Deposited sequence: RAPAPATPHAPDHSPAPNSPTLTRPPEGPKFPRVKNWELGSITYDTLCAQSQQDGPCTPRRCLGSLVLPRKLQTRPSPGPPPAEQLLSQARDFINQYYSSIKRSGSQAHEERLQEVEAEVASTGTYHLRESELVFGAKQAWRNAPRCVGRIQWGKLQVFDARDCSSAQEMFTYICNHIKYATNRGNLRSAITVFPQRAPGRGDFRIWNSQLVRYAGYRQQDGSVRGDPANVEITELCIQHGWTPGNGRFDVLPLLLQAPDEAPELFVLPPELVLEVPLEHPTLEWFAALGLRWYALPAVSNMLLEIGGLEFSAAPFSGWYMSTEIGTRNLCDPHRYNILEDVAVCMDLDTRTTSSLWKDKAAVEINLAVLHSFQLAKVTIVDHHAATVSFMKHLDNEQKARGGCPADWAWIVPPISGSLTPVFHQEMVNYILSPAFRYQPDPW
């Protein structure tokens, strides 16, 4: 074999070599001495080289590498950087870079869909109010009455000196998290900080378990402004179970649209600090993490009690049984509501197909095993048995500091 990482599938006994990792510019958190793979948290001349590299990627993707148009765009980019210190992407370059950033995302199991992304260009936006209009349009298009469509809206890039466009909320849809007198939390504990920031900026808080938060939107060098989403814009699914009649009595619900709004989209050195993207949910994200994490809605015990399980001993597997039923209720309720959702078996089978597509197309696929393997029934899915090489390619979605 070659001197590239050898990658094995233990289920099928098959082997590949990852040659794509050679294209990595960015270092990750690991060294020869220690593996830091499980950690959740890991320009003058520098811009020019990142830009040249991205332009080469674009021209390859359209099979015009070395062409006259290829060499003219390079010269354009460097002249523009030369005189202004920055440059600007053509429309088709943005659409390509956005899809490529998704394609490159090591933590996303949904990447079979990567070629099918609606890219809304919002680089003309000049106020917080217009951001809100763009965001509402995104939500309407992406939600599509339950037939969900992948989309991203890109706001103006970071510019020298001038402040950033930022969406303060981590997602477009978030449930409030209200800190109680006794120190417990009503609603989603994930959202305590953003909830209190919303109140500080003049939001009148509710007191339910599922109050949709307003958006805090920030245009360059301005205090963020507060915007309420019209309720008919935010599609939600009430949760019921196919055979357990009492489950509907719990009043549990989840929203249809997962839309990450706090990540930075980096393309050819340019930095799009507000560039929210959305897909559709994998059912374990709702039924396992959001509803059963101890530091989230934490409903496992309640459901076990309703199911009359022995919750006094770990060896009854009460946690596993309840968690299965919660996941089934999520899948069942979304299917009844006609809202797009994918189970962890179907999602992981499709990610294996993606790995095979990418092996042929690029000679590898960066992938974060701990994120790709679902949080229940792990080894029951084909990805558990698949070794994965994790590395950072650009274009990329990156974490960025909170604006406050």
> So which bits of the deposited sequence did not make it into the model?
Replying inline: 1-27, 70-81
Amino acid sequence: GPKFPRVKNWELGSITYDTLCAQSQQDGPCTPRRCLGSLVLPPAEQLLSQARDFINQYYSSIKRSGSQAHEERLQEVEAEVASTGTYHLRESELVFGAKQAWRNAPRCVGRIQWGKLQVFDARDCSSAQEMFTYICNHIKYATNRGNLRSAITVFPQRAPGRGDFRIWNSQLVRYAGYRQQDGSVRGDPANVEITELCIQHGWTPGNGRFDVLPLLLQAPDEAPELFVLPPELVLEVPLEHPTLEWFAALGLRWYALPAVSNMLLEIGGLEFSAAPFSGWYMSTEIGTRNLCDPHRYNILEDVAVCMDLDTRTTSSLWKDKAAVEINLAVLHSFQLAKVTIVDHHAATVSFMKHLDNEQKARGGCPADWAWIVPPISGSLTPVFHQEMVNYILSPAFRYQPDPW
From here on, numbers count along this sequence of modelled residues.
>> Please compare 279-287 with 212-220 and say which has the higher mean C-alpha temperature factor in the record.
In response: 212-220
> Which of the two stretches, 368-376 or 66-74, shows the higher mean Cα temperature factor in the record?
Replying inline: 66-74
> Which is it among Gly161, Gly146, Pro106, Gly110: the one with the largest CA B-factor in the entry?
Replying inline: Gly161
> Which of these has the highest Cα B-factor in the record: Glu225, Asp320, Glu93, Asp293?
Replying inline: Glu225
> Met263: which third of its chain by C-alpha temperature factor?
Replying inline: lowest
>> Sorting by Cα B-factor within the chain, modelled residues only, which third would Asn9 end up in: lowest, middle or highest?
In response: middle
>> Based on the deposited C-alpha B factors for this chain, I'd like to know if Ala361 is in the lowest, middle or highest third.
In response: middle
>> Among the modelled residues of this chain, does the Cα B factor of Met388 put it in the lowest, middle or highest third?
In response: lowest
>> Sorting by Cα B-factor within the chain, modelled residues only, which third would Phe120 end up in: lowest, middle or highest?
In response: middle
